[PDB]
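Peer 1: What follows is a single structure, and I will ask about it in a moment.
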Amino acid sequence: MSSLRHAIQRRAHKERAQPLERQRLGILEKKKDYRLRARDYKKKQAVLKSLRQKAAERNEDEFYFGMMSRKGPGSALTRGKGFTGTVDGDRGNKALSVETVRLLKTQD
Amino acid sequence: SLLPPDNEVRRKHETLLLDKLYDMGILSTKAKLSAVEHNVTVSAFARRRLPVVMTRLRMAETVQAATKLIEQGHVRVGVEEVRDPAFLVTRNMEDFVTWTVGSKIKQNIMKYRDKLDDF
Amino acid sequence: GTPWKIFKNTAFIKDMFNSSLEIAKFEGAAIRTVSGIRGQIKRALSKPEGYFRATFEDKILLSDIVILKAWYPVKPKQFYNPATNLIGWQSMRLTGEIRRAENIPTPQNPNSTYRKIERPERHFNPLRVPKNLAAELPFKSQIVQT
Amino acid sequence: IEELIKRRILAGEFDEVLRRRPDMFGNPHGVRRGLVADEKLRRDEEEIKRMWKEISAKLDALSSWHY
Amino acid sequence: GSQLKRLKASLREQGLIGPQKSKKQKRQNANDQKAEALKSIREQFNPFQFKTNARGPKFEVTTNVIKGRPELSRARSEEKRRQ
Amino acid sequence: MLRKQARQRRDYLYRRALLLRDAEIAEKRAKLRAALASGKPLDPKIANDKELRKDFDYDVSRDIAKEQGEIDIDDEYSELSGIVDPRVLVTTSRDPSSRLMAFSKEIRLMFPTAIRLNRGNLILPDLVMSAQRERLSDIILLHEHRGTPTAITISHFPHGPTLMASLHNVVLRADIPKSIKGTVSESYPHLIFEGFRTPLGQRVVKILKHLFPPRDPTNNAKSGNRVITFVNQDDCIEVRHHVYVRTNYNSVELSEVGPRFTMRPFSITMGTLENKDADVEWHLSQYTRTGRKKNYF
RNA sequence: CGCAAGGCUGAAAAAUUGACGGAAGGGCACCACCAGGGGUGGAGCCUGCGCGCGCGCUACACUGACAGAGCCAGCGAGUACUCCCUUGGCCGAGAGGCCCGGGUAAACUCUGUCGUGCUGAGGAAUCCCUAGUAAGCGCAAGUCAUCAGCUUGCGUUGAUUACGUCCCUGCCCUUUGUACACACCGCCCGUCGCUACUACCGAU
């Protein structure tokens with residue numbers, strides 16, 4: 001049980017460190033750090049597998065009405081060197097009319 | 001059901017009825033007659049209609065917009081344009097419903113994807 | 001041993017053996033990482049003499065240490081003093097008395113003495129979606145990055 | 001392995017899939033296409049055949065002759 | 001020719017597979033070897049027991065083709081390791 | 001066409017999930033039918049379910065048909081089992097060697113209806129595309145190490161399973177001279193399978209015996225002169241290819257005509273060769289504790 | 001617990017449906033013909049299979065070398081990746097960390113400078129190959145089996161010659177069935193078995 005064990009039965013076992021001749025390579029990854037690494041990789045691969053399923057089973061004739069108010073991801077040919085697959089969003093700025101810029105420049 | 005269970009014509013017409021309903025897309029399985037007991041349903045027919053099946057295929061966004069688009073006549077099923085919003089799309093014509101020839105909705109999709117070929 | 005080149009699963013492991021004869025003896029052996037990743041010695045490596053290819057369970061890191069746990073037999077020594085006390089007898093000393101008498105310090109390895117390990121909190125990089133997949137997936141699930 | 005092959009060949013049992021007729025369902029007797037109470041159960045079977053003729057006509061006409 | 005056809009032809013030559021002879025034909029056979037030839041047939045028509053090259057010899061010298069038995073050699077080596 | 005392949009694969013996966021739930025219910029319904037015929041008392045949780053009785057009255061007959069074996073299970077092979085001759089093409093890896101191309105020819109000649117295709121510069125999704133575009137039943141890919149083949153990939157189409165296996169002890173047809181070998185007879189081969197007993201063994205038996213065209217069942221027990229043998233020990237299926245004459249009613253002379261393998265499968269995926277992200281059905285569990293003790297198939 | 005669990009013994013048929021062929025006529029095949037192409041086999045290296053054998057890799061010159069100019073890809077992102085080992089010196093009571101030494105393409109296009117100079121493209125055989133195929137080229141990955149002496153992808157450049165015929169070598173099949181009109185064909189052949197009946201021969 002738990003009362004049938006001495007304090008030397010309860011005593012913790014210490015963890016060894018990376019050798020000092022090899023400490024420049026980083027920390028020695030043990031089971032806990034390996035579990036963190038494996039959890040992050042399995043999570044990222046699960047998201048990527050779901051994205052690959054969604055890109056495979058895509059209707060080529062789909063029509064949402066946000067397509068008339070968004071700029072598409074395009075291709076590398078149409079966009080150019082600045083091509084990421086992400087749809088570009090708006091930063092909030094807008095082209096500003098001349099009367100309001102006349103007001104702002106009088107204030108400045 | 002009321003026929004005896006080891007009957008040849010019962011077994012043959014069970015397979016015929018289940019295959020016919022699964023080919024029309026009403027049932028989702030073809031291995032139970034309780035599907036025709038409590039799964040065949042006027043809502044199953046009405047969701048095999050055309051604006052709901054293109055809502056599911058994401059040709060439109062909502063069934064209201066889909067009924068508006070197939071009343072304006074952008075949607076063909078196969079090779080023939082469909083103006084009736086009650087055309088029951090079966091399971092093998094859900095692979096052939098698409099936009100019409102000179103469609104402005106098709107130009108909108110191609111203009112979004114930046115593949116607007118004007119030829 | 002120590003990893004030399006690390007691919008997705010197969011890692012080349014360097015400072016463990018000295019020759020392809022020793023690797024051919026220890027072919028198929030259950031090799032293990034300190035972290036817990038299992039693996040198997042697959043094939044001796046030709047051009048650096050003493051390295052080998054071992055296919056692991058998942059990707060190991062260059063900081064890791066790759067161990068192989070063999071069991072070497074130990075035979076006891078066949079020494080026998082009688083403790084003839086009424087006649088007289090030579091008593092073999094203990095190792096502490098030997099070290100204090102003939103003045104040799106006890107062997108102590110600094111890599112073996114336990115230390116406190118400063119672990120930084122593990123933060124990982126965000127998800128990096130490829131460009132072709134990110135341009136091919138549909139509108140409801142398209143990535144929006146300003 | 002050679003003796004296993006010889007035993008199967010001699011007391012010949014082979015695990016090849018056999019060519020079945022494509023119309024085993026509708027034509028189970030395999031007739032040739034050239035020159036050629038229980039009454040309650042028979043009446044029930046004929047009623048189901050009549051019902052299925054009507055219902056199959058209605059379902060094919062409602063799917064608009066894609067079937 | 002095929003292996004099937006040459007096997008049938010060699011067994012017809014050795015008289016193991018031919019037509020059902022009458023008692024008069026058996027009288028002629030008892031009026032007028034085959035295991036020694038059947039050993040050669042069962043060795044020749046099962047050529048994968050032993051390792052052979054396909055090209056034949058590279059340079060023909062004339063002076064007066066099974067080059068190894070891998071099955072028998074592997075069984076012999078395993079018996080040596082058992083011992 | 002491609003939308004139809006995707007739609008039919010999705011319908012197949014949904015029907016398989018519904019079959020899982022319906023099997024969980026139909027294990028309870030078979031106790032009610034056996035208790036009705038034999039009169040042994042059954043569990044109260046089964047006998048007091050009104051939905052189960054009300055639906056049991058309609059779904060007797062498929063359980064009786066499955067007991068008699070009159071119907072066949074929902075499978076990717078049961079649609080076209082003995083109706084169509086399965087066409088199958090054998091291909092190499094990208095830049096094959098001469099012994100890999102001769103081995104590809106040899107295992108083409110193993111199947112009487114197969115064809116061989118030169119890879120050259122052929123992207124693997126377009127290979128899958130051309131297979132579905134020409135309605136092939138099976139593709140088989142080959143991988144060599146250095147003039148000796150080390151892997152097969154048997155993929156069933158339109159959406160069927162892959163079996164990837166590694167080859168060992170390959171003795172080619174192209175090593176023995178033409179005086180001793182000859183042109184292999186192309187008759188429809190008999191098949192024998194020895195040692196497959198698990199449902200996974202019957203799975204690999206199905207995806208291996210639906211590569212061959214169906215034999216005419218009128219007099220197949222005595223006619224036909226060519227046999228192909230798949231026999232497994234320690235889940236490494238070993239395959240021979242013999243040709244035989246029946247030299248008497250009690251004896252038979254065999255003659256080894258084709259290549260010898262002992263292929264070991266390491267991956268059976270419910271999805272074709274292009275899908276690297278398909279859900280696996282079985283894979284060779286190395287680096288586990290008792291994965292070497294446990295024998296599958 | 002009961003049965004299984006007592007040795008005329010001493011290793012190496014079926015057939016009215018069967019056994020084997022022949023002749024004629026078809027179909028197919030880069031394991032066939034025909035037209036071409038490409039390997040291997042010559043020298044060296046080495047995995048593998050049993051000193052030998054092939055499979056890859058490398059070298060072998062007109063398709064040249066040197067210097068410039070211009071212009072092209074696709075698959076690839078796990079807080080993860082590193083080629084050794086050392087002469088010295090720094091800061092190091094000691095273990096270490098430093099510094100300085102030693103061992104997004106190839107291709108292609110255009111323009112010039114020099115000119116065959118151990119500075120030599122593989123015999124008999126044997127095998128493979130018919131369109132984005134043969135062949136050249138690089139780049140990337142290393143996915144529970146296999147694979148670094150390599151494997152598998154990915155793009156780039158992209159031909160000649162067949163695409164006919166069963167004449168050779170073969171393989172499969174017809175001569176029974178499986179549908180009916182027009183239309184055409186018109187009892188394929190041999191050696192035996194088995195069964196039924198008939199009479200014969202000679203011992204008991």
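Just so we're on the same page: first chain in the structure tokens is A, next is B, and so on; residues restart at 1 for each chain, and ligands are numbered from 1 in the order they show up.
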I want to know what sits within 12 Å of region 26-35 of chain D, based on only C-alpha atoms (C1' of nucleotides), with residues of the same chain fewer than 5 positions away left out; could you give that as a PyMOL selection string?
Peer 2: (chain B and resi 8-9+12-13+15-16) or (chain D and resi 20-21) or (chain G and resi 177-181)
Peer 1: Emit the selected residues as a PDB file, in the first residue's frame, including N, CA, C and O atoms (P, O5', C5', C4', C3', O3' and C1' of nucleotides).
Peer 2:
```
ATOM      1  N   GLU B   8     -38.789 -15.700 -51.398  1.00  0.00           N
ATOM      2  CA  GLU B   8     -37.953 -15.287 -52.515  1.00  0.00           C
ATOM      3  C   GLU B   8     -38.363 -13.937 -53.083  1.00  0.00           C
ATOM      4  O   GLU B   8     -37.501 -13.084 -53.323  1.00  0.00           O
ATOM      5  N   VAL B   9     -39.663 -13.716 -53.282  1.00  0.00           N
ATOM      6  CA  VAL B   9     -40.107 -12.446 -53.838  1.00  0.00           C
ATOM      7  C   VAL B   9     -39.983 -11.338 -52.797  1.00  0.00           C
ATOM      8  O   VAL B   9     -39.728 -10.179 -53.154  1.00  0.00           O
ATOM      9  N   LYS B  12     -36.191 -10.462 -53.028  1.00  0.00           N
ATOM     10  CA  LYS B  12     -35.889  -9.773 -54.279  1.00  0.00           C
ATOM     11  C   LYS B  12     -36.446  -8.356 -54.291  1.00  0.00           C
ATOM     12  O   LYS B  12     -35.748  -7.416 -54.692  1.00  0.00           O
ATOM     13  N   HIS B  13     -37.674  -8.164 -53.813  1.00  0.00           N
ATOM     14  CA  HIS B  13     -38.216  -6.817 -53.813  1.00  0.00           C
ATOM     15  C   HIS B  13     -37.671  -5.954 -52.686  1.00  0.00           C
ATOM     16  O   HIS B  13     -37.671  -4.732 -52.833  1.00  0.00           O
ATOM     17  N   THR B  15     -34.381  -6.023 -51.939  1.00  0.00           N
ATOM     18  CA  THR B  15     -33.163  -5.515 -52.572  1.00  0.00           C
ATOM     19  C   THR B  15     -33.470  -4.504 -53.669  1.00  0.00           C
ATOM     20  O   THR B  15     -32.764  -3.499 -53.797  1.00  0.00           O
ATOM     21  N   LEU B  16     -34.549  -4.721 -54.430  1.00  0.00           N
ATOM     22  CA  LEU B  16     -34.936  -3.763 -55.464  1.00  0.00           C
ATOM     23  C   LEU B  16     -35.361  -2.421 -54.872  1.00  0.00           C
ATOM     24  O   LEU B  16     -34.935  -1.368 -55.359  1.00  0.00           O
TER      25      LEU B  16
ATOM     26  N   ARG D  20     -19.340 -15.864 -62.319  1.00  0.00           N
ATOM     27  CA  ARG D  20     -20.768 -15.958 -62.085  1.00  0.00           C
ATOM     28  C   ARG D  20     -21.513 -15.257 -63.209  1.00  0.00           C
ATOM     29  O   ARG D  20     -20.959 -14.416 -63.919  1.00  0.00           O
ATOM     30  N   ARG D  21     -22.763 -15.631 -63.374  1.00  0.00           N
ATOM     31  CA  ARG D  21     -23.579 -15.055 -64.423  1.00  0.00           C
ATOM     32  C   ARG D  21     -23.967 -13.636 -64.027  1.00  0.00           C
ATOM     33  O   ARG D  21     -24.231 -13.381 -62.848  1.00  0.00           O
TER      34      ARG D  21
ATOM     35  P     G G 177     -23.060 -26.870 -80.757  1.00  0.00           P
ATOM     36  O5'   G G 177     -23.063 -25.815 -79.570  1.00  0.00           O
ATOM     37  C5'   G G 177     -24.284 -25.345 -79.018  1.00  0.00           C
ATOM     38  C4'   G G 177     -24.476 -25.848 -77.614  1.00  0.00           C
ATOM     39  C3'   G G 177     -24.956 -24.833 -76.603  1.00  0.00           C
ATOM     40  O3'   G G 177     -26.340 -24.566 -76.650  1.00  0.00           O
ATOM     41  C1'   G G 177     -23.130 -25.980 -75.705  1.00  0.00           C
ATOM     42  P     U G 178     -26.820 -23.058 -76.898  1.00  0.00           P
ATOM     43  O5'   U G 178     -27.320 -22.532 -75.469  1.00  0.00           O
ATOM     44  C5'   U G 178     -26.476 -22.524 -74.313  1.00  0.00           C
ATOM     45  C4'   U G 178     -26.181 -21.130 -73.831  1.00  0.00           C
ATOM     46  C3'   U G 178     -26.677 -20.040 -74.768  1.00  0.00           C
ATOM     47  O3'   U G 178     -27.244 -18.950 -74.059  1.00  0.00           O
ATOM     48  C1'   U G 178     -24.346 -19.806 -74.438  1.00  0.00           C
ATOM     49  P     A G 179     -28.393 -18.077 -74.759  1.00  0.00           P
ATOM     50  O5'   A G 179     -28.986 -19.007 -75.918  1.00  0.00           O
ATOM     51  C5'   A G 179     -28.775 -18.724 -77.306  1.00  0.00           C
ATOM     52  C4'   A G 179     -30.057 -18.420 -78.031  1.00  0.00           C
ATOM     53  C3'   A G 179     -29.990 -18.588 -79.538  1.00  0.00           C
ATOM     54  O3'   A G 179     -31.310 -18.811 -80.034  1.00  0.00           O
ATOM     55  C1'   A G 179     -30.241 -16.305 -79.018  1.00  0.00           C
ATOM     56  P     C G 180     -31.724 -20.218 -80.693  1.00  0.00           P
ATOM     57  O5'   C G 180     -32.532 -19.790 -81.982  1.00  0.00           O
ATOM     58  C5'   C G 180     -31.928 -18.888 -82.886  1.00  0.00           C
ATOM     59  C4'   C G 180     -32.925 -18.209 -83.779  1.00  0.00           C
ATOM     60  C3'   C G 180     -32.326 -17.118 -84.654  1.00  0.00           C
ATOM     61  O3'   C G 180     -33.017 -17.106 -85.889  1.00  0.00           O
ATOM     62  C1'   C G 180     -34.029 -16.203 -83.335  1.00  0.00           C
ATOM     63  P     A G 181     -32.207 -17.198 -87.263  1.00  0.00           P
ATOM     64  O5'   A G 181     -33.278 -16.684 -88.312  1.00  0.00           O
ATOM     65  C5'   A G 181     -34.606 -16.437 -87.887  1.00  0.00           C
ATOM     66  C4'   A G 181     -35.056 -15.062 -88.285  1.00  0.00           C
ATOM     67  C3'   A G 181     -34.703 -14.658 -89.696  1.00  0.00           C
ATOM     68  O3'   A G 181     -35.604 -15.194 -90.642  1.00  0.00           O
ATOM     69  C1'   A G 181     -34.205 -12.889 -88.210  1.00  0.00           C
TER      70        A G 181
END
```
Peer 1: As a PyMOL selection string, please: all residues of region 11-116 of chain B that backbone DSSP puts in helix (DSSP H, G or I).
Peer 2: chain B and resi 11-24+34-38+42-47+50-56+63-72+104-113
Peer 1: Excluding residue 146 (chain G) and any residue of its chain fewer than 4 positions from it, enumerate the residues within 12 Å of it, using only C-alpha atoms (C1' of nucleotides), and give them as a list in words.
Peer 2: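 Using only C-alpha atoms (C1' of nucleotides), the neighbours found are residues 42, 43 and 55 of chain C; 142, 143, 144, 145, 146, 148, 149, 150, 151, 152, 164, 165, 166, 167, 168, 263, 264, 265 and 266 of chain F; 142, 150, 151 and 152 of chain G.
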Peer 1: DSSP on the backbone: which residues in region 26-115 of chain B end up as strand (DSSP E)? Give the answer as a VMD selection string.
Peer 2: chain B and resid 75 to 77 80 to 81 97 to 99
Peer 1: How many Å separate CA of residue 70 (chain B) from CA of residue 62 (chain A)?
Peer 2: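 Taking CA of residue 70 (chain B) as the start and CA of residue 62 (chain A) as the end point, the length is 14.4 Å.
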Peer 1: Enumerate as a PyMOL selection string the residues belonging to chain F that approach chain A to within 9 Å, with only C-alpha atoms taken into account.
Peer 2: chain F and resi 3+6+277
Peer 1: Please, could you write that set of residues out with N, CA and C atoms as a CSV table (one decimal), in the first residue's frame?
Peer 2:
```csv
chain,number,residue,atom,x,y,z
F,3,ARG,N,-15.3,14.0,-59.8
F,3,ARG,CA,-16.3,14.2,-58.8
F,3,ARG,C,-17.1,13.0,-58.5
F,6,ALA,N,-14.8,10.8,-56.1
F,6,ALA,CA,-14.8,11.4,-54.8
F,6,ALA,C,-16.1,11.1,-54.1
F,277,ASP,N,-2.5,10.1,-47.2
F,277,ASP,CA,-3.3,10.4,-46.0
F,277,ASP,C,-4.5,9.6,-45.8
```
Peer 1: What's the separation between CA of residue 116 (chain B) and CA of residue 78 (chain A), in Å to one decimal place?
Peer 2: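 CA of residue 78 (chain A) lies at a distance of 11.0 Å from CA of residue 116 (chain B).
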